Amino acid sequence: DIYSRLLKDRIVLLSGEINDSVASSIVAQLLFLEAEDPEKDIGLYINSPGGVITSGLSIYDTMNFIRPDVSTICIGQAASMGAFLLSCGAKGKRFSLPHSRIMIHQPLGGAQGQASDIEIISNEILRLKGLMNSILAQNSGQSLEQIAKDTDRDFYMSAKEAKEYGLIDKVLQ
Amino acid sequence: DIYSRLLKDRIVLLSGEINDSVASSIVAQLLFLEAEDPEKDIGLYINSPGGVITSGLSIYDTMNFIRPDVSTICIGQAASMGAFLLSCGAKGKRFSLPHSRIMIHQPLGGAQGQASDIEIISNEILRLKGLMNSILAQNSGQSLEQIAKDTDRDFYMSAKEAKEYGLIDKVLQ
Amino acid sequence: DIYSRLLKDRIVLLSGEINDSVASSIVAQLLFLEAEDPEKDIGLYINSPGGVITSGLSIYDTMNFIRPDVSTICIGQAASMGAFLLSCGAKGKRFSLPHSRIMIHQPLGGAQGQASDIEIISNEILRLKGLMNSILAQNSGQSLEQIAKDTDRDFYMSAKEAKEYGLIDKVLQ
Amino acid sequence: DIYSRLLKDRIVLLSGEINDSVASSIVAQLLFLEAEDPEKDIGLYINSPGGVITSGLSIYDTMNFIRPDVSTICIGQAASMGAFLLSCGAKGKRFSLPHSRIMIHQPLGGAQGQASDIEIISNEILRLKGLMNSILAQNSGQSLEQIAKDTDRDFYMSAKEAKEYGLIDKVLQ
Amino acid sequence: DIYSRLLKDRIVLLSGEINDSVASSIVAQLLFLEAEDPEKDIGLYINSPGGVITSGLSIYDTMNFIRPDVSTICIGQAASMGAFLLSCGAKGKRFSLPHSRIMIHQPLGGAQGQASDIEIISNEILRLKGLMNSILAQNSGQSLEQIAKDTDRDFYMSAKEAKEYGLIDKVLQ
Amino acid sequence: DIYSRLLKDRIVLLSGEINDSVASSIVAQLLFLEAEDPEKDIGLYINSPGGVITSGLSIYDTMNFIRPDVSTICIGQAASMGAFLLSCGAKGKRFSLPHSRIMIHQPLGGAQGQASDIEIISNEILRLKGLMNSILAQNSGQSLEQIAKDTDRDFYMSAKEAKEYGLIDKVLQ
Amino acid sequence: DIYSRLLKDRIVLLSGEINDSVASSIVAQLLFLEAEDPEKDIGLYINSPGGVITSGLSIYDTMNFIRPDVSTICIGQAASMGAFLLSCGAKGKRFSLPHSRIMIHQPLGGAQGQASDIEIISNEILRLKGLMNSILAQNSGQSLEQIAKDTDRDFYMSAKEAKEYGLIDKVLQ
Amino acid sequence: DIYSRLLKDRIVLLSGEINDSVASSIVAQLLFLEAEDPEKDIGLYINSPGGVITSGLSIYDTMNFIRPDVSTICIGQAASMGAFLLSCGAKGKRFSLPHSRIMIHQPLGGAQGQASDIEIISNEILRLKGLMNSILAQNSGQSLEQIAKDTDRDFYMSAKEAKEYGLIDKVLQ
Amino acid sequence: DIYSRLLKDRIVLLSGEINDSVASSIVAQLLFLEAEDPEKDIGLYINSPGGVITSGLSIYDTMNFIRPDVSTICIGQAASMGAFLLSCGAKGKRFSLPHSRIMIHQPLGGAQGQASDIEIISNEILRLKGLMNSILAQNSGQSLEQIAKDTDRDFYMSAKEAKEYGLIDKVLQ
Amino acid sequence: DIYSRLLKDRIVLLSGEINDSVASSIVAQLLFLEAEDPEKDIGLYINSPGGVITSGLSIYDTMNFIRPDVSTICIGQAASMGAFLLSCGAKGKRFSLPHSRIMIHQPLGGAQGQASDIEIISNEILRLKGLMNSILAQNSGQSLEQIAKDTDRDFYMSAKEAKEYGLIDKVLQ
Amino acid sequence: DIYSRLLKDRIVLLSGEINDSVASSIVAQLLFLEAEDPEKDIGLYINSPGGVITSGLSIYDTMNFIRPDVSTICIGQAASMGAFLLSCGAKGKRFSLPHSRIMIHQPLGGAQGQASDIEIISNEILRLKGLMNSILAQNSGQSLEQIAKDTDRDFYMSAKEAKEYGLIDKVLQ
C-alpha cells in the first residue's frame, strides 16, 4: 500500500471530502506516528474541499493532542475545513505548493422540524461559526472582525495570497 | 356543483392540507360571499391538519377583512393552522361538532445553507411562532406565556376541552 | 351524473376508503339534502374498508348534526370505520344486504420522532380507541368490555351476524 | 354519452377489473334504472376478468335487492367474480355471446403480519370461498362438491359448456 | 490495518453512526483486550453522532462486564449515545480535546400498526428513555429531574461545559 | 368560476409560484380589464413567494403599460418577486393586510458550462439584480446603496415595517 | 377562455417554450385571425426563452404568409427563437416593454450515431444557423458578419439596446 | 480477524438480524468448536432483533446436536427469535448484561394466492407458533397457556424481569 | 492467477468492451512483457466488440511502441476497434480461429450543444474515421476507397473471408 | 500487481478522468519514487479526458515539487487537464505516441445560488482560466493570446501538431 | 480457492450464463492446462443455459485449438449455446449424468435502426444460425435439414435422448 509505505516516512495524505470515516483515518495515523517517534515531525498533505465540521475539528484537536510537530502542506486546494485545518499546522511549518487554491468560508448546515429545534441547530452552528472564525484570526494575525468579513462568502485565494493573509507560512516554489 | 350550491347558502368548507392554492380558493369565496351580502354571516366548516403558515394567515386576515361575520365550525378535526383558523372566527361564533378534535402547536419549517441564512430563517419562524401565539392567546383568553407552554409539543383536545380552553364558544351537539 | 340523479332520490353512496377528500364530499351532500328537505330520510349506502379516523367522525358527527334521519345500508362491506359509520345509523334504520361482510377493529396508526412525541401520539390514538369503543357499545347494546375484547383483532362477521351483534337493525334480503 | 345513451335503454356495461369504484358505479346505475321503472327488465353485459370479492358481492346483492330483473349477458369474457356475477343473473335470462369464455375459480388474496391476524384473514377468505361455491351450486344446479372440486384451480369453458354446466341459460347466437 | 495497529497500544476509536455492526466490533475488541491483559487500561476514543439505542448499551454493558478500565476520550463530537457512552467511561478517566462538542438528548423511535402496538412501542421507548436519563444522572451527578429537563430537546455543550456538567472529568486542554 | 366573478369586479389574484404560465394569465387579465374600462382601478391581490424573474417583470411592465391604476394588496405574503410586484402598483394604493409578511432579496439563478458562458450568465444575473434593486429603491424611497445592503440576504418584514420601509402605502388594519 | 377573449381583439400571446404544439396553436390563431379580417393588424405578445427551431420558423413564415401585419410585443423576455420571432414583426410595428430582456444566440442541438450521421446533422444545424443569422441581419440592419460574431455565445440586451441594435422599432414606455 | 480471535476462546457472536446465511455461519462455528473440544463449554453471545424462523431453529437444534454446553449471553438485546435462542441455552447457563432487553412474541409471516394455499401457510405458521411456545414454556417454567398469553403482542422486559420470567438464569450484574 | 500464469508464457487476453481502464491494463501488460524480454514475441488474443476509439489507439501504439512482435489471434470475435487492433498485429502473425467473426465499420459518436461545438466534435470524429480507414487500408492492402465503401455500414466476415480481405494472415484451424 | 511492477521500473500511469482520489494516488507514487531515489527519472504515461481542475493542479505542482525529472508520455489521449499536464513534463522530455490525440480548452464549471455566490464562482473560474492559459503559453512557447483564442473551444491536435504547437517535445514511433 | 483445486486435476467448470467474461476464464483455463500437459485430458463440466453466441464460439474453437482432448460432461443442463459446446466435445468422450436436460435451439438476438442496418444484423444472425446448424448436424451425425427442423423452436431432451440424438456419447448412470 503506497500510503502504508509513505506513512513510513511520517507522511499523511488528507484527500477529498472530510467526514468521520476519513477524519478517523487521519487521527488513526496521527496517533500511530506519535506512537512511533513522539519526537519527529509529521507531514500532513492537504487537498480537500471540506466537509463535516466536527470531523475536521477532531483532526484539528488531535494535531495538537499528539506531541510531534504537525506540518501542513497544501497541494491542489484547501477549501473551507481544508483551509481551516491548513491554518492549524504548526506555526512556521505551514506550506503550500505554488498553484494551490485556498478558500475560507462560514459553516454550512441544515435544520428541520419545530421552531424550537431549528433554533437549537441555528444557535449550535452559529456557535461553531464563532468558534472557528476566532481560531482563523488566532491563526492568521487577522482580527475576528476582518475574519468575519472575508468568510461571509467564499473567499478564494492563491498560495501567495494565503501566505500574505496568514493562513500559511511559506509557498514552496 | 355540490360545493357551489352550499356556497349559495353562505357555506364554505376548508378540508385537508392548507397551501397557497387551497387558501386562494377560500379567500376568493370569502370575498365573493361578501359582495353577495356584506351583512349575512358566513359559515366556515373546517376539517384540516393545517398547512402553510402564510397561506393560513391569508385566510385569517381575509376573515377579518370582509365585513361579514365569519363563523367557524370544526368537523372531523382542526389541527395546527386549522386549529388557529377555527379559533379566529367571529366572537361567540366559533363552533365544533361533539366528536371533533382540536390540536394546537408551534410552527414547523426548515432551513438549509450558510450559518447566516439558517439564522435568518430561524428568526423568521420564531417571529411567526410569536405572532400566532400572540393571536391565539387573544382569541382564547389564555396568557401568551401559557400558549407558548402548551403549544411546545402537540396538544390534543376534544370539542369539550377546546371550548373550556377558549378556542371555541359552543359545541353544537 | 349517475350520483346526481340519485342524490335527488336522497341517496348517498359512501364507497371505498375514507379520507378528508372523500369525507367532505359526504358531509357536503348531507348538508345539501338537509337544505332541500329537513324531514325526509336519507339513505346512506356504505361500501368501505374505512380509513382516516377524523374523516370518519366528520361524517358520523354530521349525520347526527342534521335533522333528517340518516339511514345506513351496507352493501359489499363495512370494515373498520366503515362498520363504525354503519352502526351510527338512525336507530331502527340500519341495514345490510344479505351477503355483505361486516368487520370491527381498533384504530390503526403511526408515530415517528422523539420519545415524548410518540407518547403524545400514542395517547391520542388510545383516546380515539376508547372513544370509538364506547360509541360502538351504545350503538350495539353490547358493553364496553365485550366491545373491547372483540375489536382487539379484526372481528369479521356476516350481515345476519351483525344484526345479532346490534350493529344493524334488519337484513334487507 | 354513448354509455349514458345505452343506460337509457336500461343497458349497463361492466367491463374490466372489478373494484369498489367500478362496483359503486354499477350499483348506482342499477339503483337509477329501478327508480325510473321498477318493473322493466335490465340488461347487464359482462366482459370482466374478476376483481375485489366484496365489490362484486355488492353488485350481486344490488341485482337481487331491486325489483327489476337483472339479465346478464357475457361478451368476450367472464372470469372469476365475473363468472360468479354472470350466474347470478335472472334465471332464464342469463345469456352469453357465442365466442365468450366463462371461467370459475376459488378466491385469491393475501395476509401479512402476526400469525393471529394471518389466521383471521385465512378464515375470512375461507368463509368467502364457502359462500360463493354454494351460491354457485345453487345457481348452476351443481353440488357443493362438484363446484368445489371444479374451482380448486381455474376452470375455463366455452359458452356452450357454460350452459351445460348451468352458469348461463342460453347462448345468444 | 492502521486500526489493528492502535489496537496494540490499547487504543480503539468508536466513529460514526452506532449500530449492531459497529457495536459488535467494539465489544469484540473489548473482550479481546480483556484477554491480552485484564488489568491494563483501554483507550475508547469517541466521535459519533449516536445510533441505535440497544446497540450503544451493548458497548456500555461491556465496558463494565470486563475488568480493565475503559477510559473515554471525546475527539470531534459525542452526541446522543456517543455522549452517553462518553460519560460511561471509568470515572476520573473521561476526557475530551478542547474543541469537541458534546450533546445529550432523549431516545428517538417509530411505531406503526394497531393502537395496542403503538402503546407497546411507546412504553418501551419511554422506558429506555427512563433508563438512560437515569444513567446520565448517576454518571454526571445531575438529578433525575435536571437531566430530563435538559435532554427534552437537543442539549449542546462544549468540552468545558460538559466537564462543568459532570459528563466528563477533564479536558486534555 | 369564483375567480371569474371576482375578475368581473376588477379583481385579479396572484397566488403561489410565478412563472410564464401564471405570468401570462395575469397579463392576459390585466389587458382584458384595461379593455373593459380603461379608467376603473384594478385590484391585484398577491400571495406569492416569487419565481421566474423575467416572468415577474412582464407583469410589472404590463401594470404600468395599461391605463388603469393597478392597486396591490398583500395577503399571506409577498416574498422576492412578489415583494417587488407589490411595491410596483399605483402610488398611494399599495396595501397589505395586518399579518402579511414581506421579504426582499437578491436574485437567485444558475449557470453551467465553460467559463465564458458562466461569466455571461453571471453578468446577466448581475444586470438583473441592479435593475430591480434600483427599481425597488425607486419604489420605496431608499437610496440604491441602502437596498443593495438590505437585500443581500433575505430581508423579512411585517406589514407595518414594510410601510415604514416604503414598499406599501397603508396597512388595511 | 380569457385568451379566447383577447383573441377577439386580434391579440395573441406566445408564452413559454416553443415546440410543435405551442406552434400549431399560434399558427392556427394567425390563420384564424386572417380569415377574420385580412386588413386589421394583429398584436403578437411574446414572452419566450425560445424553443424548437423548426417550430419557430413555422410561425415566422405564417406571420409573413397571411395578409395582416403581425406586430410583435416583447413582454418579460424574447430569448433566442423568441428574439428571432420578435425581430420578424411588421416593419415599424416591433416593440418592447421597458424592462424586457432580449437575447439572441446560435442554435443548440445534438447528434448521435455513425460518423456520417453526425456530419449530416452537423451540416444541417450549421444551415439553420446560417439561415437565421441572415434573417437577423436583414431584420436588424446589422450585417451577417456582426450577427454571427455577436450570437456566437448568448448575447443579452435590454429593450433600449434591442432598439439601438435594430431588433425592435420602439420601446413602449 | 477480531472475531475469529475470540472464536479460539469459544465465543460466538450472534449479532444483527437472523437469516440463513447468518445461521449457517453460527451453525458452522458451533460444529467446529464441537469437532474441536467436545467437552469445553461454548459462550454464545446473542444481540439481535430476531429473524427468519426455520433459520433460528437451525441454530437451536444444532446447539443441542453437539455435545458441548452452549451457554447464552444476551448483550444489548435478545428480541423475538433472539430471545428464543437465548432461553434455549444450557440449563443454569443463560446470562445477560444488566441493561440488556429481552422481548418474546408470536411469529410473523405472510401468504399470497388462492385460499387453499393461504390456509396451508396459515396452518403452518400457527404450527410454529405452537412449536416454539411449547419450547418457550419448558425453558422458562411458565405454562403454554402463560406463554401464548404473554407472547400474543410484543412483551418487553428488563434483565431482572427476564430472570424472574425464567427465560435466563443469572444476570451478570 | 490463471491470467497471470498465461502472462508468464507471454499471452495477453483482451476480451469485452474497450475503455480506458481495460486499455491501460493491456498497455501495462505489453510494457511489462517488454522488460522481461525485448525479444520474445507476444500473443494478443482478442475477443472484443470494440469500444472507445482513443482507448483502442492506446493499445495500437503501445503494440508498435515496444520492441517485441505482438501477434494477434481472433477468438470469438474482433469487431469494430477489436478488428482494428487485430489487423495491427505484426505482419505474418495475425491469426484467427476457424469460427471467429471479424466486423469492421466507421466510428460511432455523440455531440450536444451549440452549433459551433457540434461541428468541432463532428470534424474530430470524421478525422478519426479517415485516420483509421487509412490505417486499415494500409494494414490490409485494400485501397482507401474500398475500405471506405465497406465500413460505411457494419461489415461482417468469417475468418476465411477476413484473411482474404487482408485483415489477418493465417487461420489457425 | 502489474501496476506496482511498473512502478518498480519507475513508471506511473494516469488513465481516465481526474478527481481528488485519482490525483491523490498519482502524487503518492511521485512522492514514493522521490523517496526510493531522488535522481532517476520518472515516466508519467497519460491517457486522460481530464477532470477536476484543482486535482490536476495538485499533480502538476507535485511534479515540479520533487527532484526526479518527470517526463510525460501520451498514449490514447491527453485532453483538457490531460493535455495541460502532458505539457508540464520535464522540458525536453514530453512525449506522445504517433496516434494519440491532444486537445486543449478552457475550464468548465457550475454555479447555483444568489447573484453574489454566482459572481464569486465566475470570477474564480475565470481566474484559474487566466492562470492555466499563462501556464500553457509558458510550456508551449505560444503567446498568452494565441492560447486564449485557441482554447475558447475544444482544440483537437494530433501528436505531430501538438509537438509543433510546443506541447510535447517528441513523438516516439 | 476450490475451483482451482479442481483445475489441478484438469477439471474446468462452466456454470451459468455465457459471456465474454465467462468465456475468457474458460479459454484461459484451457490454454493453461495445455501449457501444463498437451497430452492428457480435460474435463469440461457444463451446467449452462447458454449465452452470447460469439462467446460460445470462443470456447468452442479453443477446445479444438489446444492439443488435449476436451471431454465435456453435462450436469444440470446444457441448453441453447450450452448444448452446442457439450456436443463439440472430443468425439467419443461426450458425457452427461442421468437427470440432466439438453436443449437445442436457433440463435436469439435483436436489431434497431435504419432498415439497411436491421437487414445487416438479420443476415449476420442467419449466418450464425446456419453455421451452428451445420456444426450441430456434424457433431450429432444428423441431417442439416433435420437439425434445422428441430431447433426452429426449443427442443428439450433428457440424457437418454441426447445419446440417441447424437449430442453425447454416453450417459454415466
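Numbered from 1 within each chain, the chains take letters A, B, ... in sequence-line order.
Residue E:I53: no heavy atom, backbone or side chain, is found under 4.5 Å from chain H. Contact annotation for H:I75: both backbone and side-chain heavy atoms come within less than 4.5 Å of a heavy atom of chain E. Neither the backbone nor the side chain of E:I121 comes within contact range of chain H, judged by heavy atoms closer than 4.5 Å. Of the two parts of E:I120, only the side chain, counted from C-beta on, holds a non-hydrogen atom closer than 4.5 Å to a non-hydrogen atom of chain H. With a 4.5 Å cut-off on non-hydrogen atoms, E:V52 does not touch chain H at all. Interface remark: E:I135 contributes side-chain atoms only to the contact with chain H (heavy atom separation under 4.5 Å). Using a 4.5 Å cut-off between heavy atoms, H:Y45 contacts chain E through its side chain alone, with no backbone atom that close.
From E:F65, atom CZ reaches atom OG of H:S96 across 10.5 Å, with rounding to the nearest 0.5 Å. Atom CZ of E:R127 sits about 11.0 Å away from atom CE of H:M157, to the nearest 0.5 Å.
The number of heavy atoms from other shown groups lying within 6.0 Å of CD (H:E36) is above 12. Annotation for H:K170: atom NZ counts as buried by contact number, over 12 foreign heavy atoms lying within 6.0 Å. Within a 6.0 Å radius of CD in E:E161, more than 12 heavy atoms belonging to other residues, nucleotides or ligands are found. The number of heavy atoms from other shown groups lying within 6.0 Å of CD (E:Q112) does not exceed 12. Counting non-hydrogen atoms of other residues, nucleotides and ligands closer than 6.0 Å to CD of E:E17 gives a total of 12 or fewer.
Nearest heavy-atom pair, H:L6 versus E:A28, reported as atom, atom and distance to 0.1 Å: CD1-O, 3.4 Å. What you find for E:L128 and H:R101 is that their closest heavy atoms are CD1-NH1, 3.1 Å. Closest of all the heavy-atom pairs between E:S58 and H:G76 is OG-CA, 3.2 Å.
At a threshold of 4.5 Å between non-hydrogen side-chain atoms, the residues E:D61 and H:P98 count as touching. In this structure, the side chains of H:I2 and E:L7 come closer than 4.5 Å at one or more pairs of heavy atoms.
With chain E as the partner, the residue from H:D154, H:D1, H:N47 showing the most heavy-atom pairs under 4.5 Å is H:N47. Comparing E:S21, E:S25, E:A23 by how many heavy-atom pairs each has under 4.5 Å with chain H, the most go to E:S25.
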| field | E:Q114 vs H:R153, side-chain contact (heavy atoms from CB on, under 4.5 Å): CA-CA, chis, key distance, verdict | value | CA-CA 11 Å; E:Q114 306 188 292; H:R153 274 178 164 63; 2.4 Å; yes
